[PDB]
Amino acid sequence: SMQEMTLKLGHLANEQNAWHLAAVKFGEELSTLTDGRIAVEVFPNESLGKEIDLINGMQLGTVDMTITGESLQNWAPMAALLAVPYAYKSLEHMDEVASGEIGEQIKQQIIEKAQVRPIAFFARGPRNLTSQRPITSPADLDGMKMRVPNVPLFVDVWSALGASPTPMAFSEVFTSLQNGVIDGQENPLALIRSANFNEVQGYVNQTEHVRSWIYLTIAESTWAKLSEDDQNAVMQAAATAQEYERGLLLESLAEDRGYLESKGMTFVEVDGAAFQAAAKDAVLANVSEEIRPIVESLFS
């Protein structure tokens, strides 16, 4: 019937990735729930803008939605808790934290300090370090140039481990690797696949150094303009999308390693104890006082 608005939703994954399918599902559900009054347009591959630029856009009123996680720590320090190295044990553990009182505090700080509102969370597979030569322990890094996302805690940890990390937008990584500006990066298998890093990296080192969740978010200024009924529809659509997305994540766990191996990547077993000990020390040396007690709890 009527179409009142179109929400623009940007993310960094490609069209086969769980996040994209979930974003599309969110849009379908929201359209149904609002009789088409609210449409969603999904922009994959950072085509709407790079993550940090989208967060700024949401604050300014030019972007409606994005999928964002621990890069929010640049505004809301508690958001670093989404992705503390070696802190979370499993999907079930992260679900408990993200949905519990600590998760509520994180959500509220993101709303207040970043002016974006989490409406769903997606748990992720573990991040792994990719490289041009095998990296079996921190001692192998030896100053290796690598990319991290715009996450100060990751700069701190990877520098302490012996690498030379540089923050960069996700969509810049492939070309930077191709051109030899960096030799490695780190991400879950789903994103290594999404961005075709198999074409520019030889090794997946099984560091499994971060298990994290990420948020589907809406600009607080967009949320504020919605009627209570439409707010409810947004939440309902997001919950449906979250349930759907978890299934897609689980499917990806069964397939992505095999896929990447079929594209020539070599998976490398690491000295997990050495990585974990060095990374936990680095986290504790660099963690904000605000979240230190929670991190110590997780590490206990």
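One-based numbering along the sequence shown.
- Per the PDB record, of the two stretches 66 to 74 and 37 to 45, 37 to 45 carries the greater mean B-factor over its C-alpha atoms.
- As recorded in the PDB entry, 140 to 148 is the stretch of 121 to 129 and 140 to 148 with the greater mean C-alpha temperature factor.
- Reading the B-factor column for the CA atoms of 218, 214, 192, 177 in the entry, the top value corresponds to 177.
- Highest C-alpha temperature factor among 252, 262, 231, 31 per the entry: 262.
- Among all modelled residues in its chain, residue 107 ranks in the lowest third by Cα B-factor.
- Per the deposited record, the Cα B-factor of residue 186 falls in the lowest third when ranked against the other modelled residues of its chain.
- Sorting the modelled residues of the chain by their CA temperature factor places residue 161 in the highest third.
- Sorting the modelled residues of the chain by their CA temperature factor places residue 135 in the highest third.
- Among all modelled residues in this chain, the alpha-carbon of residue 269 has a temperature factor (C-alpha) in the highest third.
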